[PDB]
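Novice: Sharing a structure, written as structure tokens. Questions coming.
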Amino acid sequence: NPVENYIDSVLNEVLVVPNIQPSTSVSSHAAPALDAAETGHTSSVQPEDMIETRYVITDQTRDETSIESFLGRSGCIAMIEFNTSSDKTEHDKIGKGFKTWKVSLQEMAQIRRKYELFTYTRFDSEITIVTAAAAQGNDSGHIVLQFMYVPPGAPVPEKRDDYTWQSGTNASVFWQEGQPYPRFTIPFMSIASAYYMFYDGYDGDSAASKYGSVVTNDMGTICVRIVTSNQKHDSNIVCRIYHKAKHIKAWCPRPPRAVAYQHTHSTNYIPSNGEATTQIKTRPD
Amino acid sequence: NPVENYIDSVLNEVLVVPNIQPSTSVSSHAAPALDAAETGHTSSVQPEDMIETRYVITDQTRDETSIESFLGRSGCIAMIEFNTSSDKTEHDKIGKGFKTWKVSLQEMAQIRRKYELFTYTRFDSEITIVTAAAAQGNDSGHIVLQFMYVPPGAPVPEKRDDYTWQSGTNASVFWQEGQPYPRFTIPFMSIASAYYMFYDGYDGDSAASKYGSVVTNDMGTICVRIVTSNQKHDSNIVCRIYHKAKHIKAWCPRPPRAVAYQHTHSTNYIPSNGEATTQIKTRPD
Amino acid sequence: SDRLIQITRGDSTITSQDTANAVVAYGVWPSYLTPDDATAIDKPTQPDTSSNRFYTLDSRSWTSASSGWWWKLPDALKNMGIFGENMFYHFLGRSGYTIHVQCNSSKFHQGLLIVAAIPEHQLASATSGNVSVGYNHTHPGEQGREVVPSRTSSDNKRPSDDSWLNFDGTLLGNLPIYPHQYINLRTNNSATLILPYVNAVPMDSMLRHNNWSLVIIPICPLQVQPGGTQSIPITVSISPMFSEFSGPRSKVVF
Amino acid sequence: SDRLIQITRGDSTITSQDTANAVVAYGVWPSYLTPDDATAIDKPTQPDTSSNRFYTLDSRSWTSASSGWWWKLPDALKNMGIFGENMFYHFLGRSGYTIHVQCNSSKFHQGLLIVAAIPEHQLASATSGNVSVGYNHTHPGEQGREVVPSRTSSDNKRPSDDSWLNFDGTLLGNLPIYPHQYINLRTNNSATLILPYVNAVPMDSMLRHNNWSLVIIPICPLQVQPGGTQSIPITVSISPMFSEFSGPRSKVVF
Amino acid sequence: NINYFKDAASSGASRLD
Amino acid sequence: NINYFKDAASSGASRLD
Amino acid sequence: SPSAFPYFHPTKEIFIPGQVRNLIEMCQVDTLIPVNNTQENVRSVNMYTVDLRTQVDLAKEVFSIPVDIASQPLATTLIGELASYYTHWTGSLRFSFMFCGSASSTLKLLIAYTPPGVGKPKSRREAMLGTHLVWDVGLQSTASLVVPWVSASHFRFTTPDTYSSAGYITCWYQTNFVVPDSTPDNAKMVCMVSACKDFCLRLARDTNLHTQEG
Amino acid sequence: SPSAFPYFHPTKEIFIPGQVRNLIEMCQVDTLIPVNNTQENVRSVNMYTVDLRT
Ligand SMILES: CCCCCCCCCCCC(=O)O
Ligand SMILES: CCCCCCCCCCCC(=O)O
């Protein structure tokens, strides 16, 4: 009955863990302690096979290690920065009145490393926006922002009041000072059945052809502007984009990243430094 | 049962697409590949008629190409600008304390081009207002705006505190700084059964008679004022009017606009420039 | 035989022995206005056989140099018999049409016309600025307009002659989205369009508003070797269908 | 309409609007080998749509001087896509064929081709003595052979060019005992032959043995008056049917 | 589907056809 | 569980498996 | 949202012919492809016509285009224009060719669709290894090639992308353009495109095919 | 929360081998311990091997 699944869900008891059964001394030709790891299978041996156990009613649950629990938390994926101007000519320009950001999960290591535990992932994305407009003068002025999602092949804005900001077909969300953090869902939007966290392939046959997950699905661009025209007092605006996966599926688990990331969409790990090589978290003894 | 239509609606599976049936080699007097386009009908031939197909269970849906999906998105249709004054005499004047805008879908090309894919359209209009008041001095002051819809033949305001702003019969909406974006519906309001996107007709028989869709239905005027009397620090106010069609019907599809718009309610396309003629998006090779 | 047609309308009959079917625009056959959609409360006159008959317009010559032709409806019929009189004596009218476009040639001529009926064909000016096309120019009557390449005139009220932009800022290659047929000289000698009444109001002023524009554009130029007839006529015959008129008054005079 | 054909084979489709029916050689449609007639015990590969599709051979010009053309099967397809690869990688193959021969002209051209498929077309030498025709000469690939009147060469391995003796010591007038059609330019613009697998063994070496020979011979020369196109192409398109291969090995190299 | 306002036009997007 | 929006993707976290 | 006109009754909806419920109904209508698109032709009806004539050499090429619906020259067709309001597309395309020579003219053409991974075919022999139609010009003046949906992924981008590109159409002489006396030795063909029954567009976007300045 | 793409139908979910539903499925797989982890071995496969001898 669905009420049992609801009660288990509010208790976080959906994913029950086996009890420890009582065991006793054994003298047998069966040797659970011995196996062949050469098979590629992990030994099935459990505590009851190798020590005399008591009965324990196991209270633990695995709900918080579900992939929905593990990946389904909001983390920063972009910091989008622009510095407004009192000059009408400069306020129209990129980096001043508006900024663009090529969408990916690749720029922030905390999120990137978690999703890269899997080869393929499929999820809907909850986006939440945290804007902080640092006043450089004696007043904030009126702060109204527009965030426009520009899909691949749609025209990207080149000016703060370009025709593209009309948003006649693109999704836009508006934010003004004192408004709660903007939030919207992007449904799972790949042309494939899952996102590639990794892709051992190319966009072509040639020396110049691109390699890796960047080939597989262009994710479009977030464009942000201040909607307000030029104002007396400048603002250093930073919009932080937070992403939570929802309705998550993940396939083909991978070793975690063991060394610093160097570049987006690349497994490259060799640093630029000539004295310092790539560093692991294995401590010597 | 209505629950099936609800489930299809939340999945976006209302408009199912045919499966590809399996096909085999054919040798016949029937020649699906041959037709007469002179008839004005498009050939009915499908992949199964011209290649050996496998069975494919087609997952695609047409929900997002519905006219409700295509036209039912908020796009900018006006930018209404006025610059407030600290001078009590100047703050009363048009362009300073208040502004008027003759209603149409004609001024912003992104919306205009989409609706002009059809000859006639019928919809209710959701209006949303995005106000950005750029502070020109050290403080915003108290910003309260009134947007008044003035139907055809109702008296248009000539002063910021004229009697017409009493709004005893006109619809007005008030906005103040920090208030969420104003929103209201205008029902389908033509004297005809649909809006004319195009009209091959005149308001009269004479050389001076107007031609085209401007004849067919005057849409009234949005009047915006700052309700606040004159204040110490000026504001460059821009109100952006966003329009979403709802409950949409559309008739008689048309070729899309292939060249820049030049004027409102006019199909005219010849630019003012003597070196540069009208430009298409057909690239040479 | 699917090649043949006969259309009989009142005392008029048209035949063709090399058709390519007929197009009913938007799949809707013409009919009289129903009480559910009507607004004008006066009983309409339905002149029937004296009005709903083929009128043949002035014929035009297709040459290797031709750029296209157009007519407006109901304007092309304003001088045509009892249909034309009813347009001038009534405030309101509504009609559908059968348009039959006729262009015979030999097994040795080449050419392609698109024949399209455009609803609300709001024309562009031939000039820069906001000046709209003049009434007299969009009301040429049964002569229609002949399109001329690089036409020179001072009159800023004249329509666009850019057939490649549909005279209206949209590409000719997309004209097939309108009700259309082709006359391909190797295939057929006529095109037939059946047009319902299409408007956002149930009846309208016949003289103030052209509901349909008939556009004929040569896409593939007329070609024929020496000794063959070097230019061939295009003739348009149009029958009103289910014509109705209401609000009788004194005759309009221009 | 009995004039029309469409044949769809894999991702390939052929059309003709002036056929003279089609011939199924010996009244037997192609099919896969059954267990009752099989001898090679390995499971065959049946490459289906990637192999059983039309390949168009190199086109040839019919002139008033032409004497004929021939191709061998499977040899003509040895370089043709996945069918050709399967012939080179397998010891054994079997296939039927659809042969479509294409030759359009006008209502004012005259000419007659016989188009015949000959099983075991064992060629005569162009020279006296017991010297047999050389392998390279009976394996011309998709080019086929063009027959030349009074051809001069020293090579005693070359085949007969006597189309009137079927290249094999038998009279051309009796060639109709083989599966055949004609292309008579006043009647039809194509010929279609459907060929079953015909052999005394259930599968055979594709590279060592040509089961069928396609022979095209002008019986009535091409004639056309000045101003008409004086030479017309003959184009041959061939689809394997129910192709099977067995005994996979390393690729044969010549 | 709950409708909060007294006018048909006030409702959200219509069902697809 | 009440769903306020017309899209499946708009719903909160899915049930565990 | 509240109505600004709180008792207003809209004007009766009358029947109007030609209601459109979905943009795919418009994509399913043939529109002409500006295949010729040279600098001499893009201001004229001539861009919609492909030249055919009696060849001296066999198996010559007639034309080629990319098949990707929002790439040039397909971009300004109605299906290309509607596709450019969307980010993704899928399903089969119908390319139709109408021969406009005389009734006394005869021709065969091989029209081929070549999938990605090999570039454009350099010969009829390369092209005929792909999906193709041998078209015989006769009493029926029009033929259609279906470009079947053959893709790794369920959808392709409408914007040009080397990972997502759809391949090429090429047209070749099969035989020749043959005429009797007193017939032009040259003719035009008109090329058209429309959607098959499986065709869809997904993620709505601003078009790249129209801009506004001022 | 509202969808930014209001009629969008996601690409079909195909079967892919190796779905992971819980991180404990990954913890239940043996992985090598770098037991040796001396300065000479931490840049090499040798950190995973413990020396045994007579
Ligand atoms: C438009 C709002 C931001 C959408 C974020 C999408 C996140 C998923 C991208 C997956 C591919 C990757 O970057 O590795
Ligand atoms: C009063 C608020 C604004 C109402 C916007 C109405 C939009 C529909 C107008 C249709 C006619 C046109 O302009 O082409």
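Identifiers in the structure tokens: chain A, B, ... in order shown; residue index from 1 per chain; ligand index from 1 in order shown.
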May I ask you to write as a PyMOL selection string all residues lying at most 7 Å from ligand 2, with only C-alpha atoms and all ligand atoms counted?

Specialist: chain B and resi 103-106+125+127+149+186+195-197+213+219+221-222+243+265

Novice: Taking a cut-off of 9 Å and counting only C-alpha atoms, can you build a table that, for each residue of chain D near chain G, reports the nearest atom pair and how far apart they are in Å (one decimal), sorted by chain then residue number, as JSON lines?

Specialist:
```
{"residue": "D:8", "atom": "CA", "partner": "G:133", "partner_atom": "CA", "distance": 9.0}
{"residue": "D:10", "atom": "CA", "partner": "G:131", "partner_atom": "CA", "distance": 8.3}
{"residue": "D:11", "atom": "CA", "partner": "G:131", "partner_atom": "CA", "distance": 4.6}
{"residue": "D:12", "atom": "CA", "partner": "G:132", "partner_atom": "CA", "distance": 5.0}
{"residue": "D:13", "atom": "CA", "partner": "G:133", "partner_atom": "CA", "distance": 4.7}
{"residue": "D:14", "atom": "CA", "partner": "G:134", "partner_atom": "CA", "distance": 4.5}
{"residue": "D:15", "atom": "CA", "partner": "G:135", "partner_atom": "CA", "distance": 5.4}
{"residue": "D:16", "atom": "CA", "partner": "G:136", "partner_atom": "CA", "distance": 5.0}
{"residue": "D:17", "atom": "CA", "partner": "G:138", "partner_atom": "CA", "distance": 5.5}
{"residue": "D:18", "atom": "CA", "partner": "G:138", "partner_atom": "CA", "distance": 7.7}
{"residue": "D:53", "atom": "CA", "partner": "G:129", "partner_atom": "CA", "distance": 8.7}
{"residue": "D:54", "atom": "CA", "partner": "G:128", "partner_atom": "CA", "distance": 7.9}
{"residue": "D:55", "atom": "CA", "partner": "G:128", "partner_atom": "CA", "distance": 6.4}
{"residue": "D:56", "atom": "CA", "partner": "G:128", "partner_atom": "CA", "distance": 6.7}
{"residue": "D:57", "atom": "CA", "partner": "G:125", "partner_atom": "CA", "distance": 7.6}
{"residue": "D:58", "atom": "CA", "partner": "G:125", "partner_atom": "CA", "distance": 7.8}
{"residue": "D:59", "atom": "CA", "partner": "G:58", "partner_atom": "CA", "distance": 6.6}
{"residue": "D:60", "atom": "CA", "partner": "G:58", "partner_atom": "CA", "distance": 7.8}
{"residue": "D:61", "atom": "CA", "partner": "G:58", "partner_atom": "CA", "distance": 8.2}
{"residue": "D:80", "atom": "CA", "partner": "G:129", "partner_atom": "CA", "distance": 7.8}
{"residue": "D:81", "atom": "CA", "partner": "G:129", "partner_atom": "CA", "distance": 6.5}
{"residue": "D:102", "atom": "CA", "partner": "G:175", "partner_atom": "CA", "distance": 7.2}
{"residue": "D:103", "atom": "CA", "partner": "G:175", "partner_atom": "CA", "distance": 6.7}
{"residue": "D:104", "atom": "CA", "partner": "G:106", "partner_atom": "CA", "distance": 6.1}
{"residue": "D:105", "atom": "CA", "partner": "G:178", "partner_atom": "CA", "distance": 5.6}
{"residue": "D:106", "atom": "CA", "partner": "G:180", "partner_atom": "CA", "distance": 5.6}
{"residue": "D:107", "atom": "CA", "partner": "G:104", "partner_atom": "CA", "distance": 7.0}
{"residue": "D:108", "atom": "CA", "partner": "G:180", "partner_atom": "CA", "distance": 5.7}
{"residue": "D:109", "atom": "CA", "partner": "G:180", "partner_atom": "CA", "distance": 7.1}
{"residue": "D:189", "atom": "CA", "partner": "G:136", "partner_atom": "CA", "distance": 8.7}
{"residue": "D:224", "atom": "CA", "partner": "G:180", "partner_atom": "CA", "distance": 7.6}
{"residue": "D:225", "atom": "CA", "partner": "G:181", "partner_atom": "CA", "distance": 7.2}
{"residue": "D:226", "atom": "CA", "partner": "G:181", "partner_atom": "CA", "distance": 6.7}
{"residue": "D:227", "atom": "CA", "partner": "G:181", "partner_atom": "CA", "distance": 4.3}
{"residue": "D:228", "atom": "CA", "partner": "G:180", "partner_atom": "CA", "distance": 3.9}
{"residue": "D:229", "atom": "CA", "partner": "G:178", "partner_atom": "CA", "distance": 5.7}
{"residue": "D:230", "atom": "CA", "partner": "G:178", "partner_atom": "CA", "distance": 9.0}
{"residue": "D:231", "atom": "CA", "partner": "G:178", "partner_atom": "CA", "distance": 8.8}
{"residue": "D:232", "atom": "CA", "partner": "G:176", "partner_atom": "CA", "distance": 6.9}
{"residue": "D:233", "atom": "CA", "partner": "G:175", "partner_atom": "CA", "distance": 4.6}
{"residue": "D:234", "atom": "CA", "partner": "G:175", "partner_atom": "CA", "distance": 6.2}
{"residue": "D:235", "atom": "CA", "partner": "G:175", "partner_atom": "CA", "distance": 5.8}
```

Novice: Mind listing the strand (DSSP E or B) residues of segment 23-61 of chain G, per DSSP on the backbone, as a ChimeraX atom specification?

Specialist: /G:31-32,49-53,61

Novice: Could you save those same residues with N, CA, C and O atoms as a PDB file, in the first residue's frame?

Specialist:
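And here's result.pdb as it stands now:
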```pdb
ATOM      1  N   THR G  31       8.095  22.975 -49.816  1.00  0.00           N
ATOM      2  CA  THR G  31       8.527  24.305 -50.256  1.00  0.00           C
ATOM      3  C   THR G  31       9.828  24.197 -51.034  1.00  0.00           C
ATOM      4  O   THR G  31      10.579  23.239 -50.863  1.00  0.00           O
ATOM      5  N   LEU G  32      10.049  25.131 -51.957  1.00  0.00           N
ATOM      6  CA  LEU G  32      11.159  25.065 -52.901  1.00  0.00           C
ATOM      7  C   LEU G  32      12.480  25.338 -52.186  1.00  0.00           C
ATOM      8  O   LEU G  32      12.567  26.265 -51.379  1.00  0.00           O
ATOM      9  N   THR G  49      15.803  26.938 -59.360  1.00  0.00           N
ATOM     10  CA  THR G  49      15.864  26.081 -60.545  1.00  0.00           C
ATOM     11  C   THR G  49      17.266  25.531 -60.747  1.00  0.00           C
ATOM     12  O   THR G  49      18.241  26.279 -60.755  1.00  0.00           O
ATOM     13  N   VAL G  50      17.370  24.220 -60.923  1.00  0.00           N
ATOM     14  CA  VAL G  50      18.625  23.521 -61.193  1.00  0.00           C
ATOM     15  C   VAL G  50      18.681  23.198 -62.677  1.00  0.00           C
ATOM     16  O   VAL G  50      17.731  22.647 -63.227  1.00  0.00           O
ATOM     17  N   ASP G  51      19.767  23.571 -63.337  1.00  0.00           N
ATOM     18  CA  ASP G  51      19.927  23.360 -64.770  1.00  0.00           C
ATOM     19  C   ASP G  51      20.289  21.908 -65.103  1.00  0.00           C
ATOM     20  O   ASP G  51      21.218  21.325 -64.543  1.00  0.00           O
ATOM     21  N   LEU G  52      19.580  21.361 -66.085  1.00  0.00           N
ATOM     22  CA  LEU G  52      19.827  20.071 -66.713  1.00  0.00           C
ATOM     23  C   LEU G  52      20.093  20.310 -68.205  1.00  0.00           C
ATOM     24  O   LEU G  52      19.454  21.170 -68.806  1.00  0.00           O
ATOM     25  N   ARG G  53      21.011  19.566 -68.819  1.00  0.00           N
ATOM     26  CA  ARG G  53      21.265  19.640 -70.270  1.00  0.00           C
ATOM     27  C   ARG G  53      21.962  18.397 -70.789  1.00  0.00           C
ATOM     28  O   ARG G  53      22.562  17.661 -70.006  1.00  0.00           O
ATOM     29  N   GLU G  61      27.793  15.088 -62.242  1.00  0.00           N
ATOM     30  CA  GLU G  61      27.003  15.637 -61.146  1.00  0.00           C
ATOM     31  C   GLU G  61      26.080  16.770 -61.633  1.00  0.00           C
ATOM     32  O   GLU G  61      26.482  17.603 -62.440  1.00  0.00           O
TER      33      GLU G  61
END
```

Novice: Could you write out as a ChimeraX atom specification the residues of chain H within 12 Å of chain F, counting only C-alpha atoms?

Specialist: /H:1-10,19-22

Novice: Within segment 27-209 of chain D, find each residue whose DSSP state, derived from the backbone, is helix (DSSP H, G or I), and express the selection as a ChimeraX atom specification.

Specialist: /D:27,48-50,75-77,81-89,135-138,141-143,163-165,172-177

Novice: Out of G:208, G:41, G:142, G:158, which residue has the shortest atom-to-atom distance to chain B when counting only C-alpha atoms?

Specialist: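 Answer, going by the shortest atom-to-atom distance: G:142.
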
Novice: Onto chain E, please fit chain F by least squares using all C-alpha atoms in order, then return the transformed chain as a PDB file with N, CA and C atoms, in the first residue's frame.

Specialist:
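Wrote out_7.pdb, looks like this:
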```pdb
ATOM      1  N   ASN F   1      -8.947  20.788 -12.683  1.00  0.00           N
ATOM      2  CA  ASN F   1      -8.063  21.977 -12.625  1.00  0.00           C
ATOM      3  C   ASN F   1      -8.806  23.139 -11.968  1.00  0.00           C
ATOM      4  N   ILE F   2      -8.308  23.654 -10.837  1.00  0.00           N
ATOM      5  CA  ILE F   2      -8.938  24.775 -10.108  1.00  0.00           C
ATOM      6  C   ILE F   2      -8.735  26.088 -10.879  1.00  0.00           C
ATOM      7  N   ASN F   3      -9.806  26.862 -11.059  1.00  0.00           N
ATOM      8  CA  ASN F   3      -9.759  28.202 -11.639  1.00  0.00           C
ATOM      9  C   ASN F   3     -10.038  29.251 -10.550  1.00  0.00           C
ATOM     10  N   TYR F   4      -9.069  30.130 -10.281  1.00  0.00           N
ATOM     11  CA  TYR F   4      -9.147  31.099  -9.181  1.00  0.00           C
ATOM     12  C   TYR F   4      -9.935  32.376  -9.510  1.00  0.00           C
ATOM     13  N   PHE F   5     -10.122  32.684 -10.795  1.00  0.00           N
ATOM     14  CA  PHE F   5     -10.710  33.939 -11.266  1.00  0.00           C
ATOM     15  C   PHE F   5     -11.995  33.697 -12.074  1.00  0.00           C
ATOM     16  N   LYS F   6     -12.887  34.691 -12.099  1.00  0.00           N
ATOM     17  CA  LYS F   6     -14.262  34.581 -12.632  1.00  0.00           C
ATOM     18  C   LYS F   6     -14.379  34.587 -14.166  1.00  0.00           C
ATOM     19  N   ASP F   7     -13.273  34.731 -14.897  1.00  0.00           N
ATOM     20  CA  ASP F   7     -13.227  34.817 -16.364  1.00  0.00           C
ATOM     21  C   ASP F   7     -12.526  33.610 -16.997  1.00  0.00           C
ATOM     22  N   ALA F   8     -13.061  33.050 -18.084  1.00  0.00           N
ATOM     23  CA  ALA F   8     -12.416  31.953 -18.815  1.00  0.00           C
ATOM     24  C   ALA F   8     -11.002  32.331 -19.305  1.00  0.00           C
ATOM     25  N   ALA F   9     -10.831  33.568 -19.782  1.00  0.00           N
ATOM     26  CA  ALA F   9      -9.554  34.104 -20.250  1.00  0.00           C
ATOM     27  C   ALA F   9      -8.449  34.085 -19.180  1.00  0.00           C
ATOM     28  N   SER F  10      -8.805  34.184 -17.897  1.00  0.00           N
ATOM     29  CA  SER F  10      -7.842  34.158 -16.789  1.00  0.00           C
ATOM     30  C   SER F  10      -7.140  32.811 -16.584  1.00  0.00           C
ATOM     31  N   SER F  11      -7.694  31.705 -17.090  1.00  0.00           N
ATOM     32  CA  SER F  11      -7.074  30.374 -16.968  1.00  0.00           C
ATOM     33  C   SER F  11      -5.719  30.300 -17.696  1.00  0.00           C
ATOM     34  N   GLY F  12      -4.877  29.338 -17.306  1.00  0.00           N
ATOM     35  CA  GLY F  12      -3.565  29.079 -17.915  1.00  0.00           C
ATOM     36  C   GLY F  12      -3.673  28.490 -19.326  1.00  0.00           C
ATOM     37  N   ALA F  13      -2.573  28.002 -19.900  1.00  0.00           N
ATOM     38  CA  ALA F  13      -2.566  27.454 -21.263  1.00  0.00           C
ATOM     39  C   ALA F  13      -3.646  26.370 -21.470  1.00  0.00           C
ATOM     40  N   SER F  14      -4.292  26.370 -22.638  1.00  0.00           N
ATOM     41  CA  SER F  14      -5.327  25.388 -22.989  1.00  0.00           C
ATOM     42  C   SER F  14      -4.735  23.994 -23.271  1.00  0.00           C
ATOM     43  N   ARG F  15      -5.557  22.941 -23.172  1.00  0.00           N
ATOM     44  CA  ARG F  15      -5.158  21.564 -23.523  1.00  0.00           C
ATOM     45  C   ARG F  15      -4.843  21.442 -25.019  1.00  0.00           C
ATOM     46  N   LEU F  16      -3.913  20.566 -25.398  1.00  0.00           N
ATOM     47  CA  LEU F  16      -3.485  20.434 -26.800  1.00  0.00           C
ATOM     48  C   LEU F  16      -4.494  19.677 -27.683  1.00  0.00           C
ATOM     49  N   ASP F  17      -4.515  20.015 -28.975  1.00  0.00           N
ATOM     50  CA  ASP F  17      -5.409  19.477 -30.023  1.00  0.00           C
ATOM     51  C   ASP F  17      -4.658  19.198 -31.344  1.00  0.00           C
TER      52      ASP F  17
END
```

Novice: Excluding segment 250-264 of chain B and residues on its chain fewer than 2 positions from it, collect all residues at most 8 Å away from it, counting only C-alpha atoms, and give them as a PyMOL selection string.

Specialist: (chain B and resi 67+106-107+109+113-114+116-122+248+266-271+278-281) or (chain C and resi 119+129-130+165+169-171+174-175+177-178) or (chain G and resi 16-21+26+76+78+81+210-212)

Novice: Would you mind listing what lies within 10 Å of residue 163 of chain G as a PyMOL selection string, with only C-alpha atoms counted and same-chain residues fewer than 4 positions away left out?

Specialist: (chain A and resi 201-204+210+214-218) or (chain G and resi 116+152+156-157)

Novice: Since we have the selection now, will you write its residues out, keeping N, CA, C and O atoms, as an mmCIF file, in the first residue's frame?

Specialist:
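What follows is the written file again_0.cif:
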```cif
data_model
loop_
_atom_site.group_PDB
_atom_site.id
_atom_site.type_symbol
_atom_site.label_atom_id
_atom_site.label_comp_id
_atom_site.auth_asym_id
_atom_site.auth_seq_id
_atom_site.Cartn_x
_atom_site.Cartn_y
_atom_site.Cartn_z
ATOM 1 N N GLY A 201 35.751 9.455 -27.887
ATOM 2 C CA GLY A 201 35.407 9.696 -29.282
ATOM 3 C C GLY A 201 35.621 11.139 -29.717
ATOM 4 O O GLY A 201 35.949 12.009 -28.911
ATOM 5 N N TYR A 202 35.429 11.368 -31.011
ATOM 6 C CA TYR A 202 35.786 12.592 -31.718
ATOM 7 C C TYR A 202 34.629 13.133 -32.556
ATOM 8 O O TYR A 202 33.754 12.374 -32.969
ATOM 9 N N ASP A 203 34.642 14.429 -32.866
ATOM 10 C CA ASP A 203 33.697 15.020 -33.834
ATOM 11 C C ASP A 203 34.113 14.826 -35.310
ATOM 12 O O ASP A 203 33.378 15.225 -36.211
ATOM 13 N N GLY A 204 35.261 14.198 -35.572
ATOM 14 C CA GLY A 204 35.828 13.994 -36.908
ATOM 15 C C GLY A 204 36.987 12.987 -36.940
ATOM 16 O O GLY A 204 37.335 12.386 -35.925
ATOM 17 N N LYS A 210 37.942 17.583 -32.348
ATOM 18 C CA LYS A 210 37.771 17.635 -30.885
ATOM 19 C C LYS A 210 37.615 16.223 -30.324
ATOM 20 O O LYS A 210 37.076 15.357 -31.001
ATOM 21 N N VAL A 214 32.863 17.058 -24.652
ATOM 22 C CA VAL A 214 32.453 18.328 -25.303
ATOM 23 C C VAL A 214 31.785 18.115 -26.667
ATOM 24 O O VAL A 214 30.961 18.919 -27.094
ATOM 25 N N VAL A 215 32.128 17.017 -27.343
ATOM 26 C CA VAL A 215 31.579 16.639 -28.657
ATOM 27 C C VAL A 215 30.081 16.310 -28.583
ATOM 28 O O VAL A 215 29.340 16.504 -29.544
ATOM 29 N N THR A 216 29.642 15.757 -27.455
ATOM 30 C CA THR A 216 28.440 14.901 -27.420
ATOM 31 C C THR A 216 27.114 15.652 -27.399
ATOM 32 O O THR A 216 26.116 15.149 -27.914
ATOM 33 N N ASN A 217 27.082 16.839 -26.800
ATOM 34 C CA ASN A 217 25.876 17.651 -26.659
ATOM 35 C C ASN A 217 26.265 19.080 -26.233
ATOM 36 O O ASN A 217 26.645 19.303 -25.086
ATOM 37 N N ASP A 218 26.170 20.054 -27.139
ATOM 38 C CA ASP A 218 26.242 21.471 -26.761
ATOM 39 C C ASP A 218 25.042 21.834 -25.874
ATOM 40 O O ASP A 218 23.894 21.558 -26.217
ATOM 41 N N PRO G 116 26.799 10.734 -42.914
ATOM 42 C CA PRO G 116 28.077 11.252 -42.423
ATOM 43 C C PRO G 116 29.234 10.242 -42.462
ATOM 44 O O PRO G 116 29.027 9.030 -42.525
ATOM 45 N N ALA G 152 22.954 8.152 -34.887
ATOM 46 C CA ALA G 152 23.316 7.455 -33.655
ATOM 47 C C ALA G 152 22.345 7.828 -32.524
ATOM 48 O O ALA G 152 21.773 6.962 -31.866
ATOM 49 N N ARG G 156 19.049 15.277 -33.622
ATOM 50 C CA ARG G 156 20.180 16.080 -34.098
ATOM 51 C C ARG G 156 19.962 17.547 -33.750
ATOM 52 O O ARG G 156 18.821 17.991 -33.678
ATOM 53 N N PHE G 157 21.028 18.309 -33.559
ATOM 54 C CA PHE G 157 20.925 19.766 -33.465
ATOM 55 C C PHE G 157 20.482 20.371 -34.803
ATOM 56 O O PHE G 157 20.864 19.882 -35.861
#
```
